[PDB]
Amino acid sequence: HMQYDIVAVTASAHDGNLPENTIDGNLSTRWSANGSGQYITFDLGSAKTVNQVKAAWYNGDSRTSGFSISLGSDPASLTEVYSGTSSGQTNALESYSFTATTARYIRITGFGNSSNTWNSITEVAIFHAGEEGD
Ligand SMILES: [Ca+2]
């Protein structure tokens with residue numbers, strides 16, 4: 001099981017809740033950007049094998065967020081690997097798994113949530129996960 005270092009984070013926008021708040025280890029700090037289609041981009045610093053992205057959602061136990069995950073070797077050429085909606089059932093890191101593939105950049109695009117148009121993420125982690133489960 002490998003959790004990759006995130007050397008840099010950028011976003012399409014933020015409201016003062018900075019993109020770097022997603023990699024500070026603190027569920028009490030967040031990235032926020034208002035509107036469907038806002039996004040946050042993680043840099044691993046080099047190409048790695050990735051098969052899982054975890055995101056902890058702001059008010060994640062009270063509302064569902066629509067999102068898509070894309071990845072690739074450069075931000076101008078990303079491919080979608082995952083699309084869905086957060087569970088609405090936890091504030092913890094929630095795992096989004098997909099077929100293992102090479103990426104340096106991971107982008108989460110948000111489509112707002114079940115309460116309002118905000119995209120608010122408290123933590124992200126990027127993995128090469130092995131076999132896991134009860
Ligand atoms: Ca945080």
Side-chain angles (χ1 to χ4, degrees):
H1 236 90
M2 306 180 57
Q3 174 180 128
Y4 293 123
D5 209 13
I6 298 164
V7 304
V9 183
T10 70
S12 62
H14 68 79
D15 75 334
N17 293 285
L18 292 180
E20 71 179 65
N21 293 348
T22 59
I23 63 168
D24 66 355
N26 194 341
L27 293 166
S28 286
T29 67
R30 68 188 185 262
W31 167 69
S32 297
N34 201 8
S36 180
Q38 302 278 18
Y39 57 79
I40 184 164
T41 312
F42 306 85
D43 185 0
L44 304 185
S46 62
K48 307 285 196 202
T49 305
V50 174
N51 66 2
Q52 180 181 85
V53 174
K54 306 183 180 199
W57 293 96
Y58 181 66
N59 288 340
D61 71 346
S62 298
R63 73 195 204 186
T64 56
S65 295
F67 71 93
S68 72
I69 306 176
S70 62
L71 51 63
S73 67
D74 185 80
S77 58
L78 299 172
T79 303
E80 192 170 289
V81 295
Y82 195 99
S83 176
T85 304
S86 80
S87 69
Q89 292 170 45
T90 193
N91 290 323
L93 287 165
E94 185 162 286
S95 294
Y96 310 114
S97 298
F98 47 82
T99 304
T101 195
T102 300
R104 169 168 174 180
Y105 299 88
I106 291 73
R107 176 170 291 174
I108 300 179
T109 303
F111 303 112
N113 64 76
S114 61
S115 292
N116 69 33
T117 56
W118 286 86
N119 309 282
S120 294
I121 297 177
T122 63
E123 196 173 13
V124 171
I126 300 173
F127 295 76
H128 189 178
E131 48 150 293
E132 43 183 349
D134 189 349

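Residue indices begin at 1 and follow the sequence shown. Hydrogens, waters and symmetry mates play no part in the numbers below; they use all other heavy atoms, side chains included.
- Using a 4.0 Å cut-off between a side-chain N of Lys or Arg and a carboxylate O of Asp or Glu, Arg104 and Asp43 qualify as a salt bridge.
- Side-chain contact annotation: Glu80 with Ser70, donor-acceptor N/O pair under 3.5 Å absent.
- Residues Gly60 and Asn91 approach most closely at N-OD1, 3.0 Å, considering heavy atoms.
- The heavy-atom pair separating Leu78 from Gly72 by the smallest distance is CD2-N, 3.5 Å.
- Inspection of the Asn17 and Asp15 side chains reveals an N or O donor paired with an N or O acceptor under 3.5 Å.
- For the residue pair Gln3/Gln52, the side-chain donor-acceptor check at 3.5 Å is not satisfied.
- Taking hydrophobic clusters as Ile, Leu, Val, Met, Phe, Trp and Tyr residues chained together by side-chain heavy-atom distances below 4.5 Å, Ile106 shares a cluster with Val81.
- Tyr4 and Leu93 end up in different hydrophobic clusters when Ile, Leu, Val, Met, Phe, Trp and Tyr side chains are linked at under 4.5 Å.
- Once rounded to the nearest 0.5 Å, the distance linking CG of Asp24 with OG1 of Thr29 reads 3.0 Å.
- Looking at every heavy atom in both residues, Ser46 comes nearest to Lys48 through OG-NZ, 3.3 Å.
- Nearest heavy-atom pair across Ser73 and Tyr105 is O-CE1, 3.4 Å.
- In this structure, the side chains of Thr41 and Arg107 come closer than 4.5 Å at one or more pairs of heavy atoms.
- The side-chain heavy atoms of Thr10 and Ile40, taken from C-beta on, include no pair separated by under 4.5 Å.
- Partner of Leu44 under the side chain to side chain contact (heavy atoms under 4.5 Å, CB included) criterion, chosen from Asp5, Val7, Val50: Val50.
- Atom-to-atom distance recorded for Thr79:OG1 and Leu71:CG is 7.0 Å, nearest 0.5 angstrom.
- Within the 4.5 Å cutoff, no side-chain heavy atoms of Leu18 are placed close to those of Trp31.
- Among all heavy-atom pairs drawn from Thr49 and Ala100, the shortest one is CG2-CB, 3.9 Å.
- A continuous path of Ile, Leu, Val, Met, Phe, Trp and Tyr side chains, each step under 4.5 Å between heavy atoms, connects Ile23 with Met2, placing both in one hydrophobic cluster.
- For the residue pair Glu94 and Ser87, a side-chain donor N or O sits within less than 3.5 Å of a side-chain acceptor on the partner.
- Screening residues 119-130 for side chain to side chain donor-acceptor pair (under 3.5 Å) gives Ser32-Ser120 as the qualifying pairs, with residues at least two apart or on separate chains.
- Each ring-ring contact (aromatic ring centres under 6.0 Å, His included) pair with one or both residues in residues 48-83, not counting sequence neighbours, appears once here: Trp57-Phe67, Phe67-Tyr82, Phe67-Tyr96, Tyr82-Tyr96.
- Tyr39 and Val53 are assigned to two separate hydrophobic clusters, defined by single-linkage of ILVMFWY side chains at heavy-atom distances under 4.5 Å.
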Return all side-chain donor-acceptor pairs below 3.5 angstrom for residues 110-117, not counting sequence neighbours, or 'none' if the list is empty.
unit_1: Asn113; atom_1: OD1; unit_2: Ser115; atom_2: N; d: 2.8
unit_1: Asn113; atom_1: OD1; unit_2: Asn116; atom_2: N; d: 2.8
unit_1: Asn113; atom_1: ND2; unit_2: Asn116; atom_2: O; d: 3.1
unit_1: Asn113; atom_1: ND2; unit_2: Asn116; atom_2: OD1; d: 2.8
unit_1: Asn113; atom_1: ND2; unit_2: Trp118; atom_2: O; d: 2.8
unit_1: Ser114; atom_1: OG; unit_2: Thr64; atom_2: N; d: 3.0
unit_1: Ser114; atom_1: OG; unit_2: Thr64; atom_2: OG1; d: 3.4
unit_1: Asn116; atom_1: OD1; unit_2: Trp118; atom_2: N; d: 2.9
unit_1: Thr117; atom_1: OG1; unit_2: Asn34; atom_2: OD1; d: 2.6

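- A pairwise comparison of heavy atoms in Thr22 and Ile121 identifies CG2-O, 3.5 Å as the closest pair.
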